[PDB]
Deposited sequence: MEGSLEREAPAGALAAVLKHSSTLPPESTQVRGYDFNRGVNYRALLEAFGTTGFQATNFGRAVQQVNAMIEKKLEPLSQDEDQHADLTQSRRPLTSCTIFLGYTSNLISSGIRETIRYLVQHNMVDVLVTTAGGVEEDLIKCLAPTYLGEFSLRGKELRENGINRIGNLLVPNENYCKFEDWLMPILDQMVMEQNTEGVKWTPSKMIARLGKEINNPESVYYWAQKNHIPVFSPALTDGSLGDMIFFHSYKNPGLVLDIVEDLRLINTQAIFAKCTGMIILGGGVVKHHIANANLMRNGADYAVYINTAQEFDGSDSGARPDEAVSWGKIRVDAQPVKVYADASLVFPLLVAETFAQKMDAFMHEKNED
């Protein structure tokens, strides 16, 4: 039995101690402490001796988190081979690439769409992206799409979202890009509905100038499912809900459940959504092993993920080098 007690600032300000005290603060602060423990357990397992490791970690995140600064946090983990599989939606891929061409700016949620549109600005929450960002994206992308169609028709290449994402990361060739690092470190990225964003727009426009590109999603299902099936252990770290959450969980259901699971999302369960489902619902399905101790932190990941990474993965920088 642990007593409730928050950090005493009379000790002054030691950030490591402040974060550790969340565990005994209550509510989501406590779930955060539990998440720190579970992610550390995943890491300890991954570091256990038996490129396969003792724990295959699946990292999932929604598109908007890549628009946010969490893009740097994710790039760090991938850059240092701290996770093994990435799952994100379409915006999650393209905005990482576009950020290497032009920046995203801070704004406000209340900015009116009429005025923003008249000024050629697109709103993403309290962030802003100029139309010009997509124009630079198009110029950068078109010639790569041409090579892709050509390799497909003359070199037998059977594109899938994951193969395309590896290619784009390699093409962006910028150390700031999550996907540049992913393909460099052989970390696969799955995105079944990769056509649902600006990269879709471009593939669409491009098909009328150079028809034929095929993106198969069946081979990619085989690829992600086998990542979980042949794993010694698996851990799931999912920021947000939707396709990203279910696609990673369903892959783990194929091995009869994940050994560790930490979720950070704002969805609520009352609407029956998969996004808002507590990890306990996933246990009924077999997505999470019955003996696992899954953790869900109900919070905006822009606030929580950097702190979680600080108290876990960043503390093991050594082992990961």
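Novice: What residue ranges of the deposited sequence are absent from the coordinates?
Specialist: No C-alpha for residues 1-27, 78-92, 364-369.
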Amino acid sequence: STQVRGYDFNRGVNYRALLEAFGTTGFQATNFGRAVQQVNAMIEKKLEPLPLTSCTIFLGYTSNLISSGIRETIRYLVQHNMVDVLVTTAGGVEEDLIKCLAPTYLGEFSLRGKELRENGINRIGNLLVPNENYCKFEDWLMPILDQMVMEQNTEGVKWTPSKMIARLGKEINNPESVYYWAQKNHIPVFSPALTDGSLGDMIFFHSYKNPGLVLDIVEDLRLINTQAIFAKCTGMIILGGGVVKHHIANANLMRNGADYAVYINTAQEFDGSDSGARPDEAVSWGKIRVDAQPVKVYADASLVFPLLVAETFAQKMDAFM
From here on, numbers count along this sequence of modelled residues.
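Here the rigid core means the biggest group of C-alpha atoms that line up within 1.5 Å when the two forms are laid on top of each other.
Novice: How do 153-161 and 235-243 compare in 6 other deposited structures of this protein: which one has C-alphas farther from this form after the rigid core is matched?
Specialist: So, of the two stretches, the farther one in 6 other deposited structures of this protein is 235-243.
Novice: Would you mind checking whether residue 92 is unresolved in the model of at least a third of the other PDB entries compared?
Specialist: In none of the comparable entries (those modelling both sides of it) is residue 92 left without coordinates.
Novice: Tell me whether residue 279 turns out to be unmodelled in at least a third of the other entries of this protein, restricted to those that model residues on both sides.
Specialist: Looking at the other entries that model residues on either side of it, residue 279 is missing from at least a third.
Novice: Read off the CA B-factors in the entry, average them over 309-317 and over 18-26, and name the higher stretch.
Specialist: Here the higher of the two C-alpha B-factor means belongs to 309-317.
Novice: Read off the CA B-factors in the entry, average them over 71-79 and over 158-166, and name the higher stretch.
Specialist: Between 71-79 and 158-166, it is 158-166.
Novice: Taking the Cα B-factors listed in the entry, which of 295, 52, 41, 57 comes out highest?
Specialist: Among 295, 52, 41, 57, the highest C-alpha B-factor in the entry belongs to 52.
Novice: Per the entry's Cα B factor values, which of 213, 124, 106, 86 stands out as the maximum?
Specialist: In the PDB entry, the greatest C-alpha B-factor among 213, 124, 106, 86 is found at 213.
Novice: Would you mind checking where the Cα B-factor of residue 276 ranks among the modelled residues of its chain, as the lowest, middle or highest third?
Specialist: Ranked within chain, residue 276 CA B lands in the lowest tercile.
Novice: Using only modelled residues of the chain, where does the Cα B factor of residue 201 rank: lowest third, middle third or highest third?
Specialist: Residue 201: CA B-factor falls in the middle third of its chain.
Novice: Is the Cα B-factor recorded for residue 95 in the lowest, middle or highest third of its chain?
Specialist: Lowest third - that is where residue 95 ends up once the chain's C-alpha B-factors are sorted.
Novice: Lowest, middle or highest third: where is residue 144 by C-alpha B factor in its chain?
Specialist: Residue 144: CA B-factor falls in the middle third of its chain.
Novice: Determine, from the deposited record, the chain-internal third of the Cα B-factor for residue 233: lowest, middle or highest.
Specialist: For residue 233, whose C-alpha B-factor we compare with every modelled residue in the chain, the answer is the highest third.
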